[PDB]
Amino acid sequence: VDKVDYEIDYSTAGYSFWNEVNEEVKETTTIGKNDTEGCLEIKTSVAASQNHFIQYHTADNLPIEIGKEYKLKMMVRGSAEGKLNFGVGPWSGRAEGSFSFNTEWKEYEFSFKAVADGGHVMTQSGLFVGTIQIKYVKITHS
C-alpha cells in the first residue's frame, strides 16, 4: 500500500498557494480553481519564453524528511498533449522530474528520495499553450 503522508484534493479544496506568472504573459494566463470540473486549472493562450515564467505551487507544507523515499502522485490532464515540470522540496533544492499528460484524466507517479526537509511541489508550464487541469496531489510512502 502507498500510505498517504499528505493530500490536497481540488475536487473540493480551493486554491491559496504561491504562484508567479511573469509579466510577459500576464494578460493571457490564468491560475485558479475550476469549480465545475472540480480542479486546479492553468490556462494559457500564449507560450511564455521560458518554462518557469508560469510557475505555481500545487502542494506545500510537505511532511517529507531528507533521505527518505516517497512518491509524488498527481492526477493531471490537458487540452492537448504537453509536459508539466516539477520539483518536490524547499526553495533551496528539490527532487526534479516531469509528467507528460494527455487529454484523459490519469494519475502520474514519481518516486524520489527527499533531498531536504519539507517544502512544496513547484510546478512549471510556461511553454504550454492550452488548459492544464490538476485534480489532486499526494505524497505517499510504502
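For every residue, the number given is its place in the sequence shown, counted from 1.
Once the C-alpha B-factors are averaged per stretch, 56-64 and 27-35 rank with 27-35 first.
As the entry records it, the average C-alpha temperature factor is higher for 41-49, out of 71-79 and 41-49. When the Cα B-factors of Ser11, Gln133, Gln124, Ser16 are read from the PDB record, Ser11 comes out highest. Annotation for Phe112: C-alpha temperature factor in the middle third relative to the rest of the modelled chain, per the entry. When all modelled residues of the chain are sorted by CA temperature factor, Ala95 is found within the middle third.
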